[PDB]
Structure formats: structure tokens, C-alpha cells
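A.B. asks: Quick one: the structure is below, questions incoming.
Positions of Cβ are backbone-derived with ideal geometry, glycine not excepted, and every protein chain shown enters the neighbour counts. What follows draws every value from the coordinates through simple rules; no lab data is involved.
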Amino acid sequence: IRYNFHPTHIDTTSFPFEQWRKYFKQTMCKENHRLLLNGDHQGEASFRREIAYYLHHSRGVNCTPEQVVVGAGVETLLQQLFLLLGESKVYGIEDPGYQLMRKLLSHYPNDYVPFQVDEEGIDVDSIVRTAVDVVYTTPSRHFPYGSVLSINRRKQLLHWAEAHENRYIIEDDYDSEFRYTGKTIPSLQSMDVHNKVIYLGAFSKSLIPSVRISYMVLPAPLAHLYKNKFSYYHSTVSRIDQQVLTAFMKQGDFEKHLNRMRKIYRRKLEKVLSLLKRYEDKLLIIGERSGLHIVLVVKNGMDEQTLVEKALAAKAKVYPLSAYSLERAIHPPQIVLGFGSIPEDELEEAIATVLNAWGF
Amino acid sequence: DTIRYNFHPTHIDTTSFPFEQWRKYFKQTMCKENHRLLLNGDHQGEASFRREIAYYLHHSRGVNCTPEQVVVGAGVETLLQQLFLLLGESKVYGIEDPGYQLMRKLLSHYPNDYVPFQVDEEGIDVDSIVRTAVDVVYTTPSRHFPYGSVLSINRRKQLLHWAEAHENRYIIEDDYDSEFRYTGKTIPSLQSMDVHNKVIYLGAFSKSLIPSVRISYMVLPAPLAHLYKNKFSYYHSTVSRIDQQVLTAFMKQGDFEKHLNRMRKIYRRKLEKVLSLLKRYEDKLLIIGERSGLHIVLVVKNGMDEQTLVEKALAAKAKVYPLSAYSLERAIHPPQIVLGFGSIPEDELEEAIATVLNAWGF
DNA sequence: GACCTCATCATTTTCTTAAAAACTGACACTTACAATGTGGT
DNA sequence: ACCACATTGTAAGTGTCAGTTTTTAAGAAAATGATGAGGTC
């Protein structure tokens, strides 16, 4: 309550309401009644022929609107994939990451194998010397430190899968065009030519979290397996919330929302680092100056379960780094702050009362 | 596909939803005072969209429950796959025949095993189930595809003690269709007749309201709501915080029950028009289950096979749906065909039925 | 022989403000399909 | 006791007046790129 530094939220008071309302009135009007009965089972092609036009001009992704699949959430976007694969597979999760591929697979007979990371990337040699079949990396930005995979590891990891023809690799975006200097690199979907990596996108940190649209992109000989095996399903996103975001990205008002949103977070990043570079005796920063959240490491010798529970007395919650890693971390207790939803004209009191609560 | 004169048993009429009363509540919720409602709140739905269903269904269909036991979802299949893993992999699942073509095909991705039954004019073959080894069976109390055979009251009190015999058995009910029967409105729900918690409730706002709002509630009993919140505490919802907080104010301040009664009378006015027109022939076309809801089944005693009859209606660009799909086995030497009217408008019914009849050789 | 702090320059897509324009809020009217009490033999 | 006929009681039919609402376009305007000025080490 009252101060919630969530690690991946968004700011509340800045999305355009009165611009969002106008594109509804071409969608649900008195001629429009064939937008009521249920259409195609994976979103209307006016929503996918624009996604294939957008990700070829902003992230270097190469895809066609008969292969991209829409869905809702990620947990419903992933559960149809585990049954599509089979049940003779052994998964790959990086050691601190998003707590998602693990927490699903507590229901299925499969097994997940961790793999170590560093400030250059994740390990690739242990990917070689085991028998893993599906691995899950975020090549644009590594949660939650902020590491970026180089080109030196990408050729090795993509060439690991080409020699034996039954392994896969899942890219999770989580954030792009929020870098403040430009688009990072062309993503790992761009460098594939043998159709071995699947995408997994999002529409929920960029624009609005609670509209529950998302998307993956399938490769060539798996798209006509998913369409063959699940041709008796239904779509999951409400079709009046899809032709909103067809004209929204045919007539160009998303490509002026994210560019507008960039500076509203950069102006928070500079005013949060100009408050933390005074107390540089202990509160070190690990990870780059990008994204929506910082990772302060506290060398002041208090314990983590006291450090989080100390902030709750003055109606403020932070998010620790015990639940994000399987093993137990170093003696300096890392703590993840965020700056998405805290507004600008209360940052210099928010961080002040947090660091006043901990130690002056 | 896109076609003219589509006759589907779920395609509701499109030209009678109060667009203005859809938009007066939609414009009310996106205000500057009404942020805190664009990020993610609760996961089983908004905490008032669940409070309101427990005073909609309680006095419109009879179900006694609490808003701590409700589960919202999306579709109904995403509401079923978050049940198929709450029970185990030691169960066997009982479907009807004929029925909806869902829970046969959904159970082909799993190691669970299903066994069919038969359906008579009193309901389902309840006498077969007591001497068979099934563990969860899925039935439709208040109606039945594709006939209309309401469950007779003796078999309901039999199938109560069926699932109240042991400890590991459950039953599902599927009352997709209610408040759309002409008089004696609907027999009250199988959830109401149970007082020992072995039946789960399952129904949806996508036949009444709009085909693509994609909301389906669910009710849970006490020893599965607790077991769902525990082993599913890390999901989110699958419907928005605007598609729910429209229908909270859409139902709090009146304009749902007026739509209910208006759509209740419109479809009776549609049905009697069909019963007037098709009665002029009873030579080869007997009609079964003439009374209820949104679809009739229309037999045919043509001197040729049933396969030619569905594809002959494509010759004049019309769509009809046979009954060799809703059943496992195929021995229908009387050719059965189900039809619908719920999408066709009144002004072209006269040409419409004459298209398919004289397309069949009249 | 290296790293990295301020300008101030021309092209440009965001930002409050302003004066003509489709519209819905709260009356009253104001008919139409049809619910329920008082009579036909 | 067996077989109807008509009142008040409202869901509807366009319009009233006004009001809190939507749509087009032009200067300043905050602020991004090729060029030109120092510092530290």
C-alpha cells in the first residue's frame, strides 16, 4: 500500500484516455454487427497482418500473418505449447530469471535443469555438455540484472541446436524500445535461418498491463502442426478489444505513445540516480542504466528478511531477491526497486523515506 | 467462412444489443479519477464482478454460493483445463452421446480415459452408470443438445446418491441455456438439489449477452475452491479489468434484466413465425423437440442419402448442420439434421426457408 | 596520447489555447403491446 | 361451472434545451543530431 516499487509495473496516470476512446467508435457502431459473432480462432487477420508489419520494422523479426498466433496472457500462451511439444523433453531455465517456466512445470512430468549466468550472459558450455531440449533466455535484456548477450555467445547457442534436429529455444522479450539510446541489437529471431527459435512477445509493459493481449510467433514446420492440432479451439481475446488495436496501429498512434513514454521514464531515471549517487558508500548499483527498475545492493550488514520488513512500517513495500533464485545468494543482500508506477513529483520523497526508514 | 444465410445453433442475432447502453457505461469507466484500474488487481476476476454474480444466479437460477468460491475465465476450455489438473490423473470421464463435441476432443490431449453412454427421452442412461466404473460424469440438467430432453426428476435423485456414495467422485453440470424457454421458465438448477457438495457449476455470458465478450463464470464447492486458490496462486486472469467493470455497472443499475426480457420475447416472436411457415408440409419433414430455445431438428425422408442433403444446401449458398458430427457412431438410416434461426432476421425468413426447402427439391 | 562536460544550431514531431459543431440528460409528453380484474351463457 | 373482453400500467416514438462532450488547423517549443568549445588522466 501507498508505495509499491513493483519490479515490472507501469505508470498509472499517463496513458491517453481521450485518444483511446475515439478509435472505439469505428469498431462498435450501427453498421458494425458482424463484429459480434465469433470469428477466426486466432484473432482476425487485420490484427496479425499488422503485427507482421510492425515487428519487421521495429525489432527485426521475420514472420507472416498465417504463422503468428495471438493469445491472452503468457500462462495460457505457454500451456498450449507444452502439449504441442510432447512429453519426452527436459527443459532449460536460467538460474536467476522470471519465475514462470519453473512454476508451470510442477504439474507436468517433465524436469527443469538450471544453468548459471554471469555479467556477459548465460552459460553455453553446460548447454553443450548436458542433453537439454528446450531452453529459455531473454536475449534483449536479462532479468533482473540487465545483462545483454553478446554476439560471441549467440553463434555458439544457435549452432548448438543445428547439429541435432530436436531441440528448441524460447526468446522472451519483456522490454524493448525502452533502452533510451536506441533499439538494442536485432533480436535473436533475426539471426535464425534454420527455424529453430520461437518468439514470445507481449503487449503489457509497453501499453497497458490489464488488457491481456499477448502473442507468440511460430516457425515454419511447427505452425502447421499447431494449426493442425488445435483447429477446434476458440480465440481468447475479446474481439471488440482487437479491432481497437487494428486501427490503433494502422493509423499510427502507438508509435507516438512509446516514444512519448520513453522520456517519462528517463526523466525518472535521472532523478532517481541523482538521489542515490550521494550515498555511494554502501548502496552500489549493479546492472546498466536501462529498463524500468534498478538493483541496489546494500553492503550495510543487515539481513534481508529484516531489510524488506523494515520498509512495511511506513506503508512502503520493496521486492527482494530471494524468490527469484533457486540457490541462496551472496552475503550482501540484494533488493530490487522499481520505478514504474511511482510518479515523478513524489520520487524525491519516496526514495527519501525508504532510505530514511532503512538507515540515514 | 463467410457465407449468406448462416443457420448456426449459437450465432445469436446481432442487430438488437443496446449499443448506446453498451457505450454509456464504457465511457464512464475511463476517467482520470479512475486510474488504479489499468494495472492488474485480483486474479479470479474483479472483486465486485464476483459479488454481483452471487446475486444474479442466486435468484435467477437458484444456486446458493459465496463470492469467495466463484471463478471467472475465458472461453470455457480455458476454464476446463484449470480443472483437469486440480483432480489428478487417476480419473475417468463420462460424456453423453449425442452431446456437445467439446469434452470428447479435449480429452484426447491427456492420459485420462473416457467412456460414452446413450441418451433417451427421459434423459441420460443413469441405470448404466451405477454398474460401471466411471468417476466424473458431465451432464446437462436444464436442457440437452440437440433434442431438448429435460432430465426426469427420478434420475436426478438417483444421480445424487450416485455421487454421494463414495468420496472421490464428482459430477459437472452445463447450463449454458437458461432464461430462453417460453413458459414454466426453467426447472431450477441441479446445484440447488445438492447439499453434500459433489457438483460443480459451469455457465457463460456468451449466448445471452454477446458471442465475443468471452466471459464464463464458474462456481466451486468448498473442498475445491480452497484447493484451487492454493495450487493456482500464481496465475493472473484471462479477462480484462474493463470487460468486467463494464458488466458490473451494466448489471448494478438495471439494463441487463430489460435486455433479458426483451431477448426473451423477441425469440418467441421469432419461433412462432417458423412454426407457422413450416407446418404447411408434414410429408417428409417431421419435427422433434419443437418447443425450446434457439434450434429445431428437422428430419427428412427424401429418397436419397443424408450426405447429399447438407451439400445440396451449399448449391444455393446456405449453411446447414447435420447430426453425424454430434454423435460417435453412425447408423442414422432416418436422416436427422439440426437447423437454426437465431441469426437470420425476420424480413428475409420467407425467402430464407424457401431457399433451403426448394433447394432440397420442393 | 588517451578519456568524456557545457554549448547552441536548424529541422521536427509533442503541447496548452482558442472558436464553430455532433451530442446526450432530464424532463415532460405520448402512443402501443399486452398484464389482470370484472361478466357471457 | 365453463368460456371471454378491456383498464391502468407501464417499455417505447420522435422532439426540447442544454450541456458536458468531439474534430480541424496554426505559432511556440521542448528537445534530438552534425559541428564546435573546455575539463581530467
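A.B. asks: Under 15 Å from the Cβ of B:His161, count the other residues' Cβ atoms, weight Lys and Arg +1, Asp and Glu -1, and hand me the total. Each step should come with its number before you reach the end.
C.D. replies: Numbers: positive: B:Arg131, B:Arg155, B:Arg156, B:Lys157, B:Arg169, B:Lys198; negative: B:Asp127, B:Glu164, B:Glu167, B:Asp194.
Result for the neighbourhood of B:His161: +2.
A.B. asks: Considering only the protein assembly as shown, what is the antiparallel percent among its DSSP beta bridges, to the nearest 5? Walk me through the numbers before you get to the answer.
C.D. replies: Details: 33 of 60 bridges.
Among the beta bridges of the protein assembly as shown, antiparallel pairing accounts for roughly 55 percent.
A.B. asks: Taking beta carbons within 10 Å but only from partner chains, what does the mean come to for residues A:13-24?
C.D. replies: Taking the mean over all residues of the peptide, I get 2.
A.B. asks: Using Cα pairs closer than 8 Å and at least 6 residues apart in sequence, work out the relative contact order for the stretch A:17-247, in percent.
C.D. replies: Details: 323 pairs, mean separation 61.8, N = 231.
Rounded, it is 27 percent for the stretch A:17-247.
A.B. asks: Each residue of the stretch A:14-29 in turn: what ³J(HN,Hα) in whole Hz from Karplus with 6.51, -1.76, 1.60 and θ = phi - 60°, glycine and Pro shown as x?
C.D. replies: Each residue's phi maps through the Karplus curve to give 10, 6, x, 5, 5, 8, 6, 5, 5, 6, 6, 7, 9, 8, 10, 9 Hz.
A.B. asks: Average partner chain C-beta neighbours within 10 Å, per residue of A:80-87? Before the final figure, lay out the partial values.
C.D. replies: Working: counts 3, 0, 0, 3, 1, 0, 0, 1.
Average neighbour count from other chains, rounded to a whole number: 1.
A.B. asks: Continuing with the same structure: Amide H of B:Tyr100 versus every other amide H placed in the peptide plane: which residues, excluding those fewer than 5 positions away on the same chain, fall under 5 Å?
C.D. replies: So B:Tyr100 has HN proximity to no qualifying residue.
A.B. asks: Using modelled backbone amide H atoms (1.01 Å from N, in-plane), which distant-in-sequence or interchain residues come within less than 5 Å of B:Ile288's amide H?
C.D. replies: For B:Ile288, whose amide H was placed from the backbone, the distant partners under 5 Å are B:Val297, B:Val299.
A.B. asks: Using the basic label-point model (7 angstrom from Cα toward the beta carbon), what is the A:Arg262 to B:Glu33 distance in nanometres?
C.D. replies: 3.7
A.B. asks: Could you work out the helix-only [θ] at 222 nm for the protein assembly as shown, with each DSSP H run of four or more residues adding -39,500 (n - 2.57) and the total divided by the number of residues, to the nearest 500 deg cm²/dmol?
C.D. replies: The per-residue figure over the protein assembly as shown is -7500 deg cm²/dmol.
A.B. asks: Which of the peptides B:243-250, A:62-69 is most tightly packed, and how do the rest follow, judged by the mean count of other Cβ atoms within 10 Å per residue? Before the final figure, lay out the partial values.
C.D. replies: Values: B:243-250: 20.2, A:62-69: 17.4.
Per-residue Cβ counts within 10 Å, averaged per peptide and sorted highest first, yield B:243-250, A:62-69.
A.B. asks: Under 18 Å from a label point 7 Å along Cα→Cβ of A:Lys227: give me every residue in the stretch A:56-84 with its amide N that close.
C.D. replies: A:62-71, A:81, A:84
A.B. asks: So, in nm, how far is label A:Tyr54 from label A:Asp125 when the simple model puts each one 7 Å beyond its Cα toward the Cβ?
C.D. replies: Each label point lies 7 Å from its Cα, and together they span 4.2 nm.
A.B. asks: Still on this structure, I have one more. Quick check: from the Cα gyration tensor, does the protein assembly as shown come out rounded (a/c under 1.5), prolate or oblate?
C.D. replies: prolate
A.B. asks: How much FRET efficiency would the formula 1/(1 + (r/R0)^6) give for A:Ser190 and B:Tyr235, where r is the Cβ-Cβ distance and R0 is 45 Å, rounded to 0.05?
C.D. replies: So the FRET efficiency works out to roughly 0.90.
A.B. asks: Order of B:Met30, B:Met103, B:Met304 from fewest to most other C-beta atoms within 10 Å?
C.D. replies: Arranged by neighbour count, lowest to highest, B:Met30, B:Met103, B:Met304 become B:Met304, B:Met30, B:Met103.
A.B. asks: If you keep only loop residues by DSSP, which trypsin sites (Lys or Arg not before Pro) in the stretch B:237-341 have at most 10 other Cβ atoms within 10 Å of their Cβ?
C.D. replies: Details: sites: B:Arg241, B:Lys252, B:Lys258, B:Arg262, B:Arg264, B:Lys265, B:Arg268, B:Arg269, B:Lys270, B:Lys273, B:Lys279, B:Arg280, B:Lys284, B:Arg291, B:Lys301, B:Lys312, B:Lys317, B:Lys319, B:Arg330; in loops: B:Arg241, B:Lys284, B:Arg291, B:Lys301, B:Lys317, B:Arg330.
Answer in residue order: B:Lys301, B:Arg330.
A.B. asks: What FRET efficiency would be calculated for the residue pair A:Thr306, A:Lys155, taking the C-beta separation as r and a Förster radius of 45 Å, to the nearest 0.05?
C.D. replies: 0.50
A.B. asks: With θ set to phi - 60° and the Karplus curve 6.51 cos²θ - 1.76 cosθ + 1.60, what are the ³J(HN,Hα) couplings of the stretch B:170-175 in order, to the nearest whole Hz, using x for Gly and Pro?
C.D. replies: Those phi angles translate into 9, 9, 10, 10, 10, 9 Hz.
A.B. asks: Excluding B:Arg50 itself, calculate the net charge of residues whose Cβ lies under 15 Å from the Cβ of B:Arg50, where each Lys or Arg counts +1 and each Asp or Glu counts -1. Don't skip to the answer; put the middle values down first.
C.D. replies: Working: positive: B:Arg51, B:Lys229, B:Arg241, B:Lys252; negative: B:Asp42, B:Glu46, B:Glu52, B:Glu68, B:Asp243.
Charge balance near B:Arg50 sits at -1.
A.B. asks: Counting only other residues whose beta carbon sits under 14 Å from that of B:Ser192, what net charge do I get with K and R as +1, D and E as -1? It would help to have the intermediate numbers written out before the result.
C.D. replies: Values: positive: B:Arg61, B:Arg156, B:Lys157, B:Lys198; negative: B:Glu173, B:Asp175, B:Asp194.
Net local charge, B:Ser192 excluded: +1.
A.B. asks: Taking 0.36 nm per residue of sequence separation and subtracting the Cα-Cα distance, how much length would be gained by fully extending the chain between B:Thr66 and B:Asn168, in nm to one decimal?
C.D. replies: 34.4 nm
A.B. asks: For the stretch A:1-73, what does the alpha-carbon gyration tensor say about shape, rounded, prolate or oblate, given a ≥ b ≥ c as the root eigenvalues, a/c under 1.5 as rounded, and a/b over b/c as prolate? Please report the intermediate quantities before stating the final value.
C.D. replies: On the way: a/c = 2.06, a/b = 1.24, b/c = 1.66.
In terms of gyration-tensor shape, oblate.
A.B. asks: Shape call for chain B from the C-alpha gyration tensor, a ≥ b ≥ c root eigenvalues: rounded (a/c under 1.5), prolate (a/b greater than b/c) or oblate?
C.D. replies: oblate
A.B. asks: In the stretch B:1-37, which trypsin sites (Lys or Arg not before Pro) are in a loop and have at most 13 other Cβ atoms within 10 Å, using DSSP for the loop call?
C.D. replies: Of the trypsin sites (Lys or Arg not before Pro), the ones in loops of the stretch B:1-37 whose Cβ has at most 13 other Cβ atoms within 10 Å are B:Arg4, B:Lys32, B:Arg36.
A.B. asks: If you count, for every residue in A:238-248, the Cβ atoms of partner chains within 10 Å of its Cβ, what is the mean?
C.D. replies: Taking the mean over all residues of the peptide, I get 3.
A.B. asks: Let me ask another. Under a crude label model (7 Å from the Cα following the beta-carbon direction), how far is A:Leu269 from B:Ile288 in nanometres?
C.D. replies: Modelled inter-label distance: 6.8 nm.
A.B. asks: To the nearest 0.05, what FRET efficiency results for B:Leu86 and B:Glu20 with a Förster distance of 30 Å applied to their C-beta separation?
C.D. replies: Efficiency, rounded to the nearest 0.05: 0.10.
A.B. asks: Something else: List, in order, the whole-Hz ³J(HN,Hα) value for each residue of the stretch A:205-214 obtained from phi through the Karplus relation with A = 6.51, B = -1.76, C = 1.60 and θ = phi - 60°; use x for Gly and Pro.
C.D. replies: Once θ is set to phi - 60°, the couplings for the stretch A:205-214 become 10, 6, 10, 8, x, 9, 9, 6, 10, 7 Hz.
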